[PDB]
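Beneath this line is the structure, given in structure tokens, with notes to follow.
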């Protein structure tokens, strides 16, 4: 969706690379 | 468990990267 | 056996990385 | 169900106001032999596995919040009062054990006050600074007089200077984090505790380390109207849980 | 052949919190076996639930593990804790000691009260929690309008009072860093006077401890403003 | 063994619009839940279709 | 396209013990065949089990591969080895020579005694191991209270005595680096006097060797304080 | 609501218990011993007493040493009735101490964070060490490490014009050249002990029980010696940390 176009795009785990989305309810 | 979030996280063998856990008994 | 603990440990072919062991007889 | 009895060899404690037995770290000394010693251990000595009942202290209206007394282990039972247990302990390099304790103290429905009775690992038992060496005095001896709290619990330095703090610091405001029970004059005359074996090593060079300490501390000051029985003691029944001995030798002269 | 690489602008940089490991220089070393050990734990959060003592200030301004009550109904409150980890009467509780190493919290705080007066003594207290918006309560009557519970003395010595987590935001900052100062107050009042017979100490002491409740959590590990013990 | 690499001429260079991410220093941090929210949108283009006022000049 | 890389802070750094290999500059080179060879070994530990000589000091203070006994029961001990790799009478045994290149040890030490007095000679010795805590033994009687074994002379010339590995910790430091100095003592005493007939050398010599026992291990390879042979 | 603290514990409630309310709990992991201590923190710094071409020698200067002890606990040149003996390797101290008149800096080295907050009696882990340059000059430096209890081998240069510290089979590091400025690495729990004392060791360190009470022997991760032209900030990081038997944290001053 955003301005990111790299295939090997993992290296750092997802949960580290980004804030964790979680729904209150 | 700890503060480590890298996928390709091996390179150095486990036994070299960390003290070896072993139970006396 | 020796002091080497790296997984991806090939890059250079074996025969180049080490003297070639061969038995006279 | 507030009435209970506990037997150990030829000894037996008994109480009519118990509030249960608090078992530290949720587990007990099983008497396993130490993987660090090659020699077959001496263990299961009935004569040594009982309650040794002794005097702790006299509680008075004078003592204030957090005043306390420290009892070191096994040390306090390493001599005469330890009977066969102390006698066997004195002849071995290493000992590994747990503790089961009952602290006793009664008053009346017209008396007020409360005690914090607990057990802590590696708790400072030093009495004072030894003039000359820059070390403590009588680490392994039980307090014979109530100890005043530190307004600022920063511990004790031996270099005769002050500032910052020492590693032997003990912050009483948090003492309830240790395995414990509260002895409240209006509720109960006894507390029952138990702890496993813990330490920096598989078994212990007891001769030079008091790994566990039994601490009795005041929470709310003793109080009573004139005419009410003024004399109040605190005693205790201490029992070694599954003591295991290694490295038999000529006797260490505690004496 | 060599692999071509694009060297990122941030090179040679060191990260105190880098999510990755570094080079091992003494491999194959066995870690001295410690299977005998007991008392082990994994979550700092647990330490938080162990009730520890609140520091109550005296006129000459020195602290006690408790507060006192007697045969009277003090027009004002007996004690009042400000629901706020940063808050000072907690300065020295395990709860606060752990909390100051984290940026935010969520959930219930549990206030534990223990009556140490004589068995022959009786009476009732009114413990309350007041959320912000209308200012802190100045009378039992007002307090009684917020969240409250009546504590009756008797056979059972103690009482666990829960300060509910009522808030606009899913989380709350753990520290008084700038000034919205608080998240409401916990106030303790006499409902009925401590009553008793002749021959009984007229002034009873109530131990006051605090701890994190069940719901409770902390997050974002950080450093507190450095300090020096007295 | 180490992997041999050819270091490109453009090294150490920073790209304002670089199509890639960088190093994470505060991982495992949950993003304060906002499931209650309404009024959300994804495309600036929509704003474009909302009719707004033309500014007509007077003498 | 080139792969983007993050260059770690520790770059260009060299590691004496780096767990990895480096660049090969003379590849495909055959290693001169040595299939004919015998006597090969893989573990330094084995060298440790080969019994070698203990250096026993004389009054004029010079060393012997042994000690002497005779038709008497010396009130004090005949010899006394301090169970401690660092220890000096072992200074020159293979056991110690290997051990000084490692930081810690575990397991049994085996002390080997060989009687070289005349066939016509008899007698008995009391070899003992005393753990710390009560100080080192000063009399056969005391020694006899610790771990011990009686050695009887006869047809069979020698005796293997095992100093048991009795310790608080799973491992023990191999070196006198600062001061807890030791792990107990091995003491040798006469139980009964060396007895014999006229025409026989009255003073018999007992060879004293030491070695690592079966249980025994070493770990953490290191460097000893450098030295110079006399 | 109603309970009894005497028995050693009490109901650990949430709002829903005493009132018409409920549990507001959300998932969350950042409060874990392991994760939490798994971040870098400075304990001291290293200052070279000598060149990369000479024989190394213990050296102090304005509280700075050319050698340091790997432990969270406080350390420094050994103390003495007559003052700390600065011609020697640092050892574990029993208290923290001001470098001089005012509180700071400190004469002693240590993990102040870990001290102000170690809610436990014993711990263990591996140690990740980072050595960062404090200066801007092309660097030429050698670093030597050794496990707790090992010989310092602080002997003379065997080969002239080269660093004595580099002359060992022990793990040593060689850093030199423009842009080459930081050293990073990890060492194993290398202690003879099963677990380490987070704060205090209620016993004597010698069989004669006359010395160093409160300090457990070999209760550290070894040490560092430096040599060359560059001073460096030294930080440690708790790897795969484990803690035992909970205990009280460092006291905090009550507001005047």
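Within the stretch G:61-68, is even one residue part of a loop (DSSP other than H, G, I, E, B), within 14 Å of another protein chain (Cβ to nearest Cβ) and over 21 Å from residue G:127 (Cα atoms)? No, the stretch G:61-68 contains no residue that is part of a loop (DSSP other than H, G, I, E, B), within 14 Å of another protein chain (Cβ to nearest Cβ) and over 21 Å from residue G:127 (Cα atoms).
Being away from chain A (no Cβ under 14 Å), farther than 29 Å from residue H:38 by Cβ and either surrounded by 10 or more Cβ atoms within 10 Å (Cβ to Cβ) or under 22 Å from the mean Cα position of the chain (by Cα) (or both) is not true of residue F:49. For the stretch E:2-20, a residue qualifies if it is over 19 Å from residue B:5 (Cα atoms) and either within 11 Å of chain B (Cβ to nearest Cβ) or touching a strand residue (DSSP E or B) at 6+ places or on another chain (Cβ under 8 Å) (or both), and the qualifying residues are E:2, E:3, E:4, E:5, E:6, E:7, E:8, E:12.
Could you say whether any residue in the stretch E:71-94 is assigned to a loop (DSSP other than H, G, I, E, B), surrounded by fewer than 20 Cβ atoms within 10 Å (Cβ to Cβ) and within 9 Å of chain H (Cβ to nearest Cβ)? Among the residues of the stretch E:71-94, at least one is assigned to a loop (DSSP other than H, G, I, E, B), surrounded by fewer than 20 Cβ atoms within 10 Å (Cβ to Cβ) and within 9 Å of chain H (Cβ to nearest Cβ), which makes the answer yes. Tallying residues that are within 24 Å of residue H:151 (Cβ to Cβ) and more than 8 Å from chain D (Cβ to nearest Cβ) within the stretch H:184-204 yields 8.
For the stretch E:21-43, residues that are buried (at least 21 other Cβ atoms within 10 Å of the Cβ), within 7 Å of chain B (Cβ to nearest Cβ) and touching a strand residue (DSSP E or B) at 6+ places or on another chain (Cβ under 6 Å) total 1. Residues in the stretch D:106-119 that are facing another protein chain (nearest Cβ under 7 Å) and either assigned to a strand (DSSP E or B) or buried (at least 23 other Cβ atoms within 10 Å of the Cβ) (or both): 5 in all. Filtered by the rule that a residue be at the interface with chain H (Cβ under 7 Å from one of its Cβ atoms) and surrounded by 24 or more Cβ atoms within 10 Å (Cβ to Cβ), the stretch D:180-202 gives D:181, D:182, D:184, D:188, D:200, D:201, D:202. Taking each residue of the stretch C:1-21 that is more than 14 Å from chain B (Cβ to nearest Cβ) and looking for partners that are in a helix (DSSP H, G or I) with beta-carbon atoms closer than 9 Å, six or more apart or interchain, yields C:20/C:14. Only a single item in (1) over 15 Å from residue E:79 (Cα atoms); (2) in a loop (DSSP other than H, G, I, E, B); (3) away from chain D (no Cβ under 14 Å); (4) touching a strand residue (DSSP E or B) at 6+ places or on another chain (Cβ under 7 Å) is not met by residue E:137, and it is number (1).
If you check D:207, D:213 for being in contact with a strand residue (DSSP E or B) (Cβ under 9 Å, 6 or more places away or on another chain), facing chain H (nearest Cβ under 9 Å) and either outside any strand (DSSP E or B) or within 18 Å of residue G:170 (Cα to Cα) (or both), only one passes: D:207.
Looking at this structure, is residue H:253 outside any strand (DSSP E or B), at the interface with another protein chain (Cβ under 7 Å from one of its Cβ atoms) and either within 16 Å of the chain's Cα centre (by Cα) or over 19 Å from residue D:165 (Cβ atoms) (or both)? In short, no. If you go through the stretch D:21-32 and keep only what is out of contact with any strand residue (DSSP E or B) (no Cβ under 6 Å at 6 or more places or on another chain) and surrounded by fewer than 18 Cβ atoms within 10 Å (Cβ to Cβ), you end up with D:26, D:27, D:30, D:32. Right, residue G:112: surrounded by fewer than 20 Cβ atoms within 10 Å (Cβ to Cβ), more than 14 Å from every other protein chain (Cβ to nearest Cβ) and part of a strand (DSSP E or B) or not? So residue G:112 fits the description; yes.
Taken over the stretch D:42-87, the criterion of being within 14 Å of chain G (Cβ to nearest Cβ), within 23 Å of residue D:139 (Cα to Cα) and surrounded by fewer than 20 Cβ atoms within 10 Å (Cβ to Cβ) is satisfied by D:87 alone.
What single numbered condition from (1) more than 9 Å from every other protein chain (Cβ to nearest Cβ); (2) under 30 Å from residue D:154 (Cα atoms); (3) more than 20 Å from the chain's Cα centre (by Cα) fails to hold for residue H:140? The one condition residue H:140 does not meet is (2).
Among the residues making up the stretch H:172-183, a single one is surrounded by 22 or more Cβ atoms within 10 Å (Cβ to Cβ) and either more than 7 Å from chain G (Cβ to nearest Cβ) or outside any strand (DSSP E or B) (or both): H:181.
Looking at D:202, D:221, just one residue is outside any loop (DSSP other than H, G, I, E, B) and either over 15 Å from the mean Cα position of the chain (by Cα) or over 21 Å from residue E:206 (Cβ atoms) (or both), and that residue is D:221. Inspect the stretch G:173-187 for any residue being over 30 Å from residue H:152 (Cα atoms) and within 23 Å of the chain's Cα centre (by Cα) and give the result as yes or no. Yes, the stretch G:173-187 contains a residue that is over 30 Å from residue H:152 (Cα atoms) and within 23 Å of the chain's Cα centre (by Cα). Just one of the numbered conditions (1) exposed (fewer than 10 other Cβ atoms within 10 Å of the Cβ); (2) within 13 Å of chain A (Cβ to nearest Cβ); (3) over 30 Å from residue E:4 (Cβ atoms) is not true of residue F:58: (2). Within the stretch D:229-242, the residues that satisfy the criterion of being farther than 13 Å from residue D:54 by Cβ, out of contact with any helix residue (DSSP H, G or I) (no Cβ under 6 Å at 6 or more places or on another chain) and assigned to a strand (DSSP E or B) are D:241, D:242.
Looking at the stretch D:132-143, can you tell me whether even one residue there is closer than 28 Å to residue D:238 by Cα, facing another protein chain (nearest Cβ under 7 Å) and part of a loop (DSSP other than H, G, I, E, B)? Scanning the stretch D:132-143 turns up at least one residue that is closer than 28 Å to residue D:238 by Cα, facing another protein chain (nearest Cβ under 7 Å) and part of a loop (DSSP other than H, G, I, E, B). Does the stretch D:243-250 include one or more residues that are in a loop (DSSP other than H, G, I, E, B), at the interface with another protein chain (Cβ under 7 Å from one of its Cβ atoms) and at negative phi? Checked the stretch D:243-250: at least one residue is in a loop (DSSP other than H, G, I, E, B), at the interface with another protein chain (Cβ under 7 Å from one of its Cβ atoms) and at negative phi.
Taking residue G:199 as the residue in question, decide whether it is touching a strand residue (DSSP E or B) at 6+ places or on another chain (Cβ under 7 Å), more than 19 Å from residue G:80 (Cα to Cα), more than 14 Å from chain D (Cβ to nearest Cβ) and assigned to a loop (DSSP other than H, G, I, E, B). In short, no. Here the stretch G:150-174 is the region considered, the condition is being out of contact with any strand residue (DSSP E or B) (no Cβ under 7 Å at 6 or more places or on another chain) and either surrounded by fewer than 21 Cβ atoms within 10 Å (Cβ to Cβ) or under 30 Å from residue G:118 (Cβ atoms) (or both), and the residue that is farthest from the other protein chains (Cβ to nearest Cβ) is G:155. Considering only the stretch E:211-230, how many residues are more than 8 Å from every other protein chain (Cβ to nearest Cβ) and over 30 Å from residue H:95 (Cα atoms)? Qualifying residue count for the region: 1. Being in a strand (DSSP E or B) and at the interface with another protein chain (Cβ under 7 Å from one of its Cβ atoms) is not true of residue H:234.
Throughout, read-outs are computed from the coordinates displayed, never taken from laboratory work. A quick note on method: Cβ atoms are made from the backbone with ideal geometry, for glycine too, and the neighbour counts reach across all protein chains shown.
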